[PDB]
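Novice: Below you'll find the structure I mean.
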Amino acid sequence: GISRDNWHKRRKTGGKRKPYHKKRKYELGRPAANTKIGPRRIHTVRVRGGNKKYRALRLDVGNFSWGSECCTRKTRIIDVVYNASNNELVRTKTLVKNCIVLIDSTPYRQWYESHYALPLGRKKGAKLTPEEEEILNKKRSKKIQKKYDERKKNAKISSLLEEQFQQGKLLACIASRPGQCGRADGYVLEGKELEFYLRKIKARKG
Amino acid sequence: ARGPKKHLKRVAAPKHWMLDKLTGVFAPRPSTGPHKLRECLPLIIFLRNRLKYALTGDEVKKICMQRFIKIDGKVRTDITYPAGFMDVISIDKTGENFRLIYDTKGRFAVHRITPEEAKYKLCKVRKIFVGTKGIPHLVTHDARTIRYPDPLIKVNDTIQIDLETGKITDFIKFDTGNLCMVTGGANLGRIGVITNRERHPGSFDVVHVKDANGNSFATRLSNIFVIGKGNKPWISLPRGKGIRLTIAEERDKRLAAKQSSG
Amino acid sequence: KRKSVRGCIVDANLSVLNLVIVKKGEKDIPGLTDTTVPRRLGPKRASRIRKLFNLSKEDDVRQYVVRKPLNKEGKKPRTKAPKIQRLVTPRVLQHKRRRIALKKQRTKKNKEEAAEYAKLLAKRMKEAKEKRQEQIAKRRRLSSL
RNA sequence: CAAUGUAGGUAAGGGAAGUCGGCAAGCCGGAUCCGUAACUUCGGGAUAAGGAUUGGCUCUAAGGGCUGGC
RNA sequence: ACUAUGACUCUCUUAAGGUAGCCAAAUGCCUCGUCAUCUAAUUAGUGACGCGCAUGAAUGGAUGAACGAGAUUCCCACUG
RNA sequence: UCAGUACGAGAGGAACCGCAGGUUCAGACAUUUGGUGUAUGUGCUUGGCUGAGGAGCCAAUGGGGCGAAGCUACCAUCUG
RNA sequence: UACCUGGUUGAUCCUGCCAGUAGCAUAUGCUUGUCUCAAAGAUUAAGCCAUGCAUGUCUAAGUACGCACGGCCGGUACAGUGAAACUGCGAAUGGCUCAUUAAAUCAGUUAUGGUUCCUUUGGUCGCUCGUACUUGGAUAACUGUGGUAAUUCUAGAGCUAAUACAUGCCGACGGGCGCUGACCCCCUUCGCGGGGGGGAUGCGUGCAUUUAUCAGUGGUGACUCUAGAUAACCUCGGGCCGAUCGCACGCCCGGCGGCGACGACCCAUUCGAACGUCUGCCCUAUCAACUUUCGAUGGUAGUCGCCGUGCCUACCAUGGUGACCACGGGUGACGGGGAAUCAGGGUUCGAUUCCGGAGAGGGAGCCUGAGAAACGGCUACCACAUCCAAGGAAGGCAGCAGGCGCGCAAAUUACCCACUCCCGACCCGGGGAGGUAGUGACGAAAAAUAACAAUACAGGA
RNA sequence: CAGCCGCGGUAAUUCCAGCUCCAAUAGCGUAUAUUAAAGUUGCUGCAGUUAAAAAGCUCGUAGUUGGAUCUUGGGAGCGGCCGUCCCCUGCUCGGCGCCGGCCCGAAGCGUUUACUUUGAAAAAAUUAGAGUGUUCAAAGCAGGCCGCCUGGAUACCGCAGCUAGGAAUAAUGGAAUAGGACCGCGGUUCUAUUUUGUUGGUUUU
RNA sequence: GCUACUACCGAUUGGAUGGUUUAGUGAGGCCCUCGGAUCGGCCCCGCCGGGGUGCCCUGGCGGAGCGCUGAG
Ligand SMILES: [Mg+2]
Ligand SMILES: [Mg+2]
Ligand SMILES: [Mg+2]
Ligand SMILES: [Mg+2]
Ligand SMILES: [Mg+2]
Ligand SMILES: [Mg+2]
Ligand SMILES: [Mg+2]
Ligand SMILES: [Mg+2]
Ligand SMILES: [Mg+2]
Ligand SMILES: [Mg+2]
Ligand SMILES: [Mg+2]
Ligand SMILES: [Mg+2]
Ligand SMILES: [Mg+2]
Ligand SMILES: [Mg+2]
Ligand SMILES: [Mg+2]
Ligand SMILES: [Mg+2]
Ligand SMILES: [Mg+2]
Ligand SMILES: [Mg+2]
Ligand SMILES: [Mg+2]
Ligand SMILES: [Mg+2]
Ligand SMILES: [Mg+2]
Ligand SMILES: [Mg+2]
Ligand SMILES: [Mg+2]
Ligand SMILES: [Mg+2]
Ligand SMILES: [Mg+2]
Ligand SMILES: [Mg+2]
Ligand SMILES: [Mg+2]
Ligand SMILES: [Mg+2]
Ligand SMILES: [Mg+2]
Ligand SMILES: [Mg+2]
Ligand SMILES: [Mg+2]
Ligand SMILES: [Mg+2]
Ligand SMILES: [Mg+2]
Ligand SMILES: [Mg+2]
Ligand SMILES: [Mg+2]
Ligand SMILES: [Mg+2]
Ligand SMILES: [Mg+2]
Ligand SMILES: [Mg+2]
Ligand SMILES: [Mg+2]
Ligand SMILES: [Mg+2]
Ligand SMILES: [Mg+2]
Ligand SMILES: [Mg+2]
Ligand SMILES: [Mg+2]
Ligand SMILES: [Mg+2]
Ligand SMILES: [Mg+2]
């Protein structure tokens, strides 16, 4: 099989190694998972010692996290945008670690709205006819007004994130190894790092 | 090799068991246990080779299957269970508790004691692990995991347990002045006061000792076993006191003993 | 192991056909229909016996079970029954009480043990704080000296 | 729109057995990238031999001028 | 001092008597010389042998890379 | 097949009627396989020419694939 | 016991070699009465094998409706044996050999703060807030039809279990702890306010798991250690929180109960295993420069993998070794512990009963398993072999005996688990491991084949 | 025949026989690899004018070896002029404690190798070796008193690695365009933190 | 000159053995995406019991969509 070993290659000096044994079962590698976007399909793997490994192949959602507000949520995986390893992980829609996916802003806009009583997104022009979000933002009691007005002091948000929210889509980085755990969990890109990757995309575009 | 070895040759057994050259090809392989393969003594050996009650395995099997013997306050029917140092092999029919302690030579000695003092034993602790809910756990040399101990029980200490319950009663701290059995290597079965402790990062720390007769000797911690406050023991010690007298002193005493026997 | 067999597709290139008569037709065949053979066994495990005969959870099976006779020369006639499996019997009920009193025991151990550790530890901190108060009185003396 | 010719073509299997004789026809052919022995007047031999690639469509990048580190 | 041969010597004939090298070659009758290789099989071809009917030294001898619309023999691929 | 027989010490070893097939030769035919193929039948395609698309043409049979009919081969088949 | 002698010459003295001398193996020759130990098809051919055996196993306690044996007190299961078959565990050890392989294996030395572990031992095992007085359905063994030329080859019809496979609750569990919070109260103020509390309803509410942010009980030389707080996440090809089993049978105007067996997820443990560090190996120059896009030396990001690393992928950088003998070629080289020899220095050997490695015709590939890239497990191709009704079948002694062949060159198809130990579900089974005899002048130890007296004789104090 | 020198050509101490005699004795002979002998591969330990032998000469990087020079002495007590025992670092927390100071103990730091001494650490088996009447011995690790008594030791174990002592011999640095030491003075910039009875913030000291 | 033995060159693009490799073809596993012989399960109606209060739950006899859906 795909052996992992040093012996198959040269020494530092250049001399060639004569092999002293045939291939062993510990000198073992395995085929890459390459889990793609789609409706759930995870195959399980026996390994050494009778252990388990949930190798993902298709994967629709992930438990993506917003780190600053500390409000992680399970969300459908909409699209792969960019991949630093090989542009072919961008070209062919294939999920791996360090994949820059996109996600639906709405749950984040919804949570902040519940917390601070402020708007998130809402392109300049649209207004809620149901009035449920404004009813939620208004009608505060006296006791609870001290709390929410004080929250307004730290209820500021960045323009760069807010502009995407207006658009609706957050950049997310996968962290969990799907071929390991069977999940495609990750964390949203933020701030200066985000300006960087947009600068790199601006450069890749040229 | 595709895995672990199940047999043992008669010669590879450690010589400090004093196994002979010519009776047979094999030695009895210890099952895994609380004690390492090379520091331990099989029950069959303590019985036939050492105690000499039974000649063959059929007689050991029937005596073992009567179930009188109770190792560390719990019944054990695996004949190659490694009963080790300070380990009280108790027999009920005879009314005879023995404790496995070392002679002046590396070997063990037949040091009988009464059942009253023989009724408890000692255990050196190796490491303090913090448990699943802020619950301190301990780990001894013989694999007993005791939880909720005092934080004051520390790294090189000992504890005076109870065989019936399996719970720490008291403990003796590693400090200057304490007695110390040497439990491995060249000075194996020596006894002496802790005169000085010499630190070494990386390579492990040396302990300088002074014999009752002023004969200094050093030893590394792995082969160390704390045994009492000051130079005064709380336990029964072998005849000899782990002294390891010299060849000249043995020539005089052994020879004189031959002269006394006549 | 790799072995050669023949294909499922039927033709004259065959030696046998094992045939199972499903529906009993017009004529009456003497070899087959006349000699009746019963089914050797019925549910063995009591739980499938319970599903079989719709018996309740509480009542006894021993009463309803059929037992076929045994009889030949020399020996007396006998009847051999099955091992009642899944029987809620006084012994098993004792086992049931047993695990719960043992669970009582592990819960008793965990609780008494945590309270004992809390007392020993809180007492240790009380003496350590008193000795620190002693260190502080020595601390004011040491600074004044 | 027959034979005979003259000049053109193509053929399963076999592959010079035909024949004074591979005569004639046929195989090979241009470029890039590898690789290239015997011998030698040491200049050659040399496109030696021997291999691989080659289309369409859609993109990136590197090389220049002129005026007031741009 | 096996036979053969003749290192060596003499003589007749002419003014000496084929030295170095080479071959059954484009030069050899008898001749398809004999042996080996190349073929299932070879009067051809190639490498040694030499008694050379009648080899041979500027009437030039021997070799020798590159070149030849030069003469023959064999092998690969290829083909009416 | 007759026949492992007659004959002959053995080794060895037939012949006559019947049956199944073959070689060579001659005379026909073309159901099937193959060949041919400018029905210039039909896709593809190189260079150019008709403003572009579409539909087409020239390059001495432009080139390459597959191919009807018809002629036709111990290279298919039949009969003597 | 740190030793030399003959030989070139007409004779002498030298350098100098040849032959002698004594050990240690292998073979063969001749001879041979006793007793105690004892090697034994490596050297050629990692050439080929007919035959037999060499690993199986059951408790009172996983499964009995075959009387196949068995108490007679039954009809309110089962006294008790039990072929068989399912279940479970093991068969990765031992054994045999030394062809390959030259900083590799090995030795010593350390490290895993970079890891896994069937089992053994010890900790945990009504911590979840939401039919359990116990659920579901096959299947074998059995009976009855058969098939083949041929395999311990097997098909169809009737059936049936579980500590196999599936589903799943009330319970303890009665509430807490975070958040939500209609509304309510107190205080203060002209009131908004400002201060203090509560509060319907809802969300969460075990261990284990995964990701992110915040802070610093017990450790360390130093942890991104240990532990804590919050947000939440969790594959149905479902993780745990016992749908088992045996021995006694008690105690409370059917309720509480014992001692075990077995099976459980996680944590420690043991046997150890596995990667790395340091230093050390024989001949050769008639081998002086080597490596590279098929990774050579670094870097960045990933893949795989239990982690660290060109292990693998992609993009950059252009490095690394060399007269201190690299590189390449040889080795009649598995390594070591050791043996022989000796004054002191040294020289050669070491397949071989202990350790480590590799291997079972050649190479390759894989299922199953905690553990195998297994060879007395499978699938190919190659080499070789065995039968056929012509379609097909089956194969591997570098296990033991024994045999072919090679050779100068090497043993009886013996007996036994009684000793030593090992396996298994085990108080009961098995063991060509092992032991025991037979042959055996490789060799070691001790020890007969005559001793004495008296008579003659020859000699001597 | 004879490993070699040599024997055998008619009195053969050398052949074939007999007669004797020698060595070793249940063992000896023959062959081959191999070892001491070999100061004939030599580091200890060879040769090199003439027996075999020095490049025709000089230059030359690695390799190998390299002058001299720096700490000698001192104090108290000791033994038969002589020898030996006792001593020859420095720079936050407590008691030999004594009347803030002094000393000691402890923690941390030390310009650096080779060299030498210790310990630990080393798998057993083997070797040497203590003990031990296998009837001696070769062997084994057992045995011995008439219930008891004992043994079942020990040494060597290269090389490299570690551990603490010693500092003569051999390296190696240091202050020379003084950007040189001590111990001090004052700025510029940055802060460990203590602070003003209680709510908050800063600079100072 | 004669007798015997030993290595050497030597046409035969000589032959025979292994050993690294370049290039064509390339069985067969392992992995993946489809596939779905075949065998279920649920629901749907008609003919009937048992329990409940014209409606809810169960077992049989027929059909068929296979309405949905599973192992494979
Ligand atoms: Mg043709
Ligand atoms: Mg053709
Ligand atoms: Mg002709
Ligand atoms: Mg021709
Ligand atoms: Mg031509
Ligand atoms: Mg040419
Ligand atoms: Mg010729
Ligand atoms: Mg001439
Ligand atoms: Mg001319
Ligand atoms: Mg002329
Ligand atoms: Mg001429
Ligand atoms: Mg020529
Ligand atoms: Mg006949
Ligand atoms: Mg036709
Ligand atoms: Mg045609
Ligand atoms: Mg067009
Ligand atoms: Mg055609
Ligand atoms: Mg002489
Ligand atoms: Mg002379
Ligand atoms: Mg000399
Ligand atoms: Mg000699
Ligand atoms: Mg022999
Ligand atoms: Mg005799
Ligand atoms: Mg052999
Ligand atoms: Mg050998
Ligand atoms: Mg083995
Ligand atoms: Mg070898
Ligand atoms: Mg050794
Ligand atoms: Mg070994
Ligand atoms: Mg090794
Ligand atoms: Mg092997
Ligand atoms: Mg195999
Ligand atoms: Mg066998
Ligand atoms: Mg095996
Ligand atoms: Mg063999
Ligand atoms: Mg036995
Ligand atoms: Mg055997
Ligand atoms: Mg004589
Ligand atoms: Mg000598
Ligand atoms: Mg020598
Ligand atoms: Mg001379
Ligand atoms: Mg000379
Ligand atoms: Mg000179
Ligand atoms: Mg000279
Ligand atoms: Mg000097």
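Novice: If I filter the stretch C:112-145 down to residues being of a type in the set (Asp, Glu) and surrounded by 11 or more Cβ atoms within 10 Å (Cβ to Cβ), which single residue comes out as farthest from residue C:60 (Cα to Cα)? Give the derivation first.
Specialist: Let us first name the residues in the stretch C:112-145 that are of a type in the set (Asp, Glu), namely C:112-113, C:116, C:127, C:130, C:134.
From what's left, surrounded by 11 or more Cβ atoms within 10 Å (Cβ to Cβ): C:113, C:116.
Values: C:113: 45, C:116: 49 Å.
If we take residues in the stretch C:112-145 being of a type in the set (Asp, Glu) and surrounded by 11 or more Cβ atoms within 10 Å (Cβ to Cβ), then C:116 is farthest from residue C:60 (Cα to Cα).
Novice: What's the total number of residues in the stretch A:16-39 that are within 30 Å of residue A:92 (Cα to Cα), near RNA strand G (Cβ under 6 Å from one of its atoms) and either assigned to a strand (DSSP E or B) or free of Cβ contacts under 8 Å to residues at least 60 places away in the same chain (or both)? I'd like the intermediate steps shown before the answer.
Specialist: Quick first cut of the stretch A:16-39, residues within 30 Å of residue A:92 (Cα to Cα) only: A:28-39.
Cutting the leftovers down to near RNA strand G (Cβ under 6 Å from one of its atoms) gives us A:28-30, A:32-33.
Checking which are either assigned to a strand (DSSP E or B) or free of Cβ contacts under 8 Å to residues at least 60 places away in the same chain (or both) leaves us with A:28-30.
Here the count works out to 3.
Novice: Right, something else. Would you confirm, using the coordinates I've provided, whether residue B:35 is within 8 Å of RNA strand G (Cβ to nearest atom) and not assigned by CATH to the domain that holds residue B:185? Lay out the reasoning, then the answer.
Specialist: Working: within 8 Å of RNA strand G (Cβ to nearest atom): yes; not assigned by CATH to the domain that holds residue B:185: yes.
Criteria met by residue B:35.
Novice: Looking at the stretch C:64-86, which of its residues are of a type in the set (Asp, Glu) and either within 24 Å of residue C:45 (Cβ to Cβ) or in contact with a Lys or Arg (Cβ under 7 Å, 6 or more places away or on another chain) (or both)?
Specialist: Step one: list which residues in the stretch C:64-86 are of a type in the set (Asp, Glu), which gives C:73.
Scanning the stretch C:64-86 gives no hits.
Novice: Might you check whether a residue that is assigned by CATH to the domain that holds residue A:75, assigned to a loop (DSSP other than H, G, I, E, B) and in contact with a strand residue (DSSP E or B) (Cβ under 8 Å, 6 or more places away or on another chain) occurs anywhere in the stretch A:196-205?
Specialist: No, the conditions are met nowhere in the stretch A:196-205.
Novice: Further, regarding this structure: Residues in the stretch B:18-32 that are within 15 Å of residue B:81 (Cα to Cα) and within 11 Å of RNA strand H (Cβ to nearest atom): how many? Give the steps one after another, and end with the answer.
Specialist: Narrowing the stretch B:18-32 to residues within 15 Å of residue B:81 (Cα to Cα): B:27-32.
Subsequent filtering for residues that are within 11 Å of RNA strand H (Cβ to nearest atom) retains B:27.
Matching residues across the stretch B:18-32 total 1.
Listed here are the residues, each with its yes/no results for (1) over 24 Å from residue B:109 (Cβ atoms); (2) assigned by CATH to the domain that holds residue B:136; (3) not small (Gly, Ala, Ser).
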{"residue": "B:179", "(1), (2), (3)": "no, no, yes"}
{"residue": "B:187", "(1), (2), (3)": "no, no, yes"}
{"residue": "B:196", "(1), (2), (3)": "yes, no, yes"}
{"residue": "B:200", "(1), (2), (3)": "yes, no, yes"}
{"residue": "B:213", "(1), (2), (3)": "no, no, yes"}
{"residue": "B:228", "(1), (2), (3)": "no, no, no"}
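Novice: Could you figure out which of (1) without any contact (Cβ under 8 Å) to a residue 12 or more places away in the chain; (2) surrounded by 12 or more Cβ atoms within 10 Å (Cβ to Cβ) isn't true of residue B:67?
Specialist: Residue B:67 satisfies every listed condition except (2).
Novice: Cβ-Cβ under 6 Å, sequence separation 6+ or interchain: first residue in the stretch A:159-172 and free of Cβ contacts under 8 Å to residues at least 24 places away in the same chain, partner not in a helix (DSSP H, G or I). Which pairs?
Specialist: none
Novice: While we're on this one: Scan the stretch B:25-62 residue by residue and report those that are exposed (fewer than 15 other Cβ atoms within 10 Å of the Cβ) and either among the β-branched types (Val, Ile, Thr) or in contact (Cβ under 8 Å) with a residue 60 or more places away in the chain (or both).
Specialist: B:25, B:32, B:56, listed by residue number.
Novice: Mind listing whichever residues of the stretch C:32-70 are among the hydroxyl-bearing types (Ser, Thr, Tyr) and within 20 Å of residue C:81 (Cβ to Cβ)?
Specialist: Initially, the stretch C:32-70 is screened for residues among the hydroxyl-bearing types (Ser, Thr, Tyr), giving C:33, C:35-36, C:47, C:56, C:64.
C:47, C:64, listed by residue number.
Novice: Looking at the structure I just gave you, is residue B:83 under 26 Å from residue B:223 (Cα atoms) and surrounded by 13 or more Cβ atoms within 10 Å (Cβ to Cβ)? Spell out how you get there, then give the answer.
Specialist: Working: under 26 Å from residue B:223 (Cα atoms): yes; surrounded by 13 or more Cβ atoms within 10 Å (Cβ to Cβ): yes.
Here the answer is yes, as residue B:83 does meet what is asked.
Novice: Could you give me the residue pairs with C-beta distances under 8 Å whose first residue belongs to the stretch C:4-26 and is within 13 Å of RNA strand I (Cβ to nearest atom), whose second residue is β-branched (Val, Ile, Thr) wherever it lies, and which are 6+ apart or on separate chains?
Specialist: Note: pairs meeting the criteria are C:24/C:33.
Novice: Applying the selection to the stretch B:132-190, what residues are in contact (Cβ under 8 Å) with a residue 60 or more places away in the chain and within 13 Å of chain C (Cβ to nearest Cβ)?
Specialist: Of everything in the stretch B:132-190, just one residue is in contact (Cβ under 8 Å) with a residue 60 or more places away in the chain and within 13 Å of chain C (Cβ to nearest Cβ), namely B:166.
Novice: Restricting attention to the stretch B:121-131, and to residues there that are without any contact (Cβ under 8 Å) to a residue 60 or more places away in the chain and crowded, with 19+ Cβ neighbours inside 10 Å, which single residue is farthest from the other protein chains (Cβ to nearest Cβ)?
Specialist: Filtering the stretch B:121-131 down to residues without any contact (Cβ under 8 Å) to a residue 60 or more places away in the chain leaves B:121, B:123, B:125-131.
Pick out the ones that are also crowded, with 19+ Cβ neighbours inside 10 Å and you get B:121, B:123, B:125.
On the way: B:121: 22, B:123: 19, B:125: 17 Å.
My answer is B:121.
Novice: Let me ask something else. Are any residues in the stretch A:84-95 assigned to a loop (DSSP other than H, G, I, E, B) and in contact with a strand residue (DSSP E or B) (Cβ under 7 Å, 6 or more places away or on another chain), and if so, which ones? Walk me through how you get there before you give the answer.
Specialist: First pass over the stretch A:84-95, keeping only residues assigned to a loop (DSSP other than H, G, I, E, B): A:84-87, A:92-93, A:95.
A:93, A:95, listed by residue number.
Novice: Of everything in the stretch B:200-212, what is of a type outside the set (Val, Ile, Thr) and under 16 Å from residue B:189 (Cβ atoms)? Give them in sequence order. Don't jump to the end; show me each part of the working.
Specialist: Restricting attention to the stretch B:200-212, the residues satisfying the condition of being of a type outside the set (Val, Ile, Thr) are B:200-205, B:208, B:210-212.
Of everything in the stretch B:200-212, those that are of a type outside the set (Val, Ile, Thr) and under 16 Å from residue B:189 (Cβ atoms) turn out to be B:211, B:212.
Novice: Listed residues C:81, C:137, C:101; which is away from chain B (no Cβ under 14 Å), in contact (Cβ under 8 Å) with a residue 12 or more places away in the chain and among the small types (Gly, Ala, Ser)?
Specialist: Values: C:137 fails: in contact (Cβ under 8 Å) with a residue 12 or more places away in the chain; C:101 fails: in contact (Cβ under 8 Å) with a residue 12 or more places away in the chain.
Just a single option satisfies the conditions, and that option is C:81.
Novice: Kindly establish whether residue C:63 is in contact with a helix residue (DSSP H, G or I) (Cβ under 9 Å, 6 or more places away or on another chain) and either touching a residue at least 40 places away in the same chain (Cβ under 8 Å) or part of a loop (DSSP other than H, G, I, E, B) (or both).
Specialist: Against the criterion (in contact with a helix residue (DSSP H, G or I) (Cβ under 9 Å, 6 or more places away or on another chain) and either touching a residue at least 40 places away in the same chain (Cβ under 8 Å) or part of a loop (DSSP other than H, G, I, E, B) (or both)), residue C:63 does not qualify.
Novice: Looking at the structure I just gave you, is residue C:109 part of a helix (DSSP H, G or I), among the charged types (D, E, K, R), within 14 Å of chain B (Cβ to nearest Cβ) and surrounded by 10 or more Cβ atoms within 10 Å (Cβ to Cβ)? Break it down stepwise before answering.
Specialist: Values: part of a helix (DSSP H, G or I): yes; among the charged types (D, E, K, R): yes; within 14 Å of chain B (Cβ to nearest Cβ): yes; surrounded by 10 or more Cβ atoms within 10 Å (Cβ to Cβ): yes.
Taking the combined requirement at face value, the residue satisfies it.
Novice: Would you check which residues across the stretch A:109-127 are assigned to a loop (DSSP other than H, G, I, E, B) and of a type outside the set (A, V, I, L, M, F, W, C) and list them? Before you say what the answer is, go through the steps one by one.
Specialist: Within the stretch A:109-127, the first condition is being assigned to a loop (DSSP other than H, G, I, E, B), and the residues that meet it are A:117-127.
Correct list: A:119, A:121, A:122, A:123, A:124, A:125, A:127.
Novice: Same structure, new question: Residues that are buried (at least 17 other Cβ atoms within 10 Å of the Cβ) and touching an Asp or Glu at 6+ places or on another chain (Cβ under 6 Å): does the stretch B:100-110 have at least one?
Specialist: yes
Positions of Cβ are backbone-derived with ideal geometry, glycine not excepted, and every protein chain shown enters the neighbour counts. What is reported rests on the model, the rules as stated and the sources as named; nothing here is a laboratory result.
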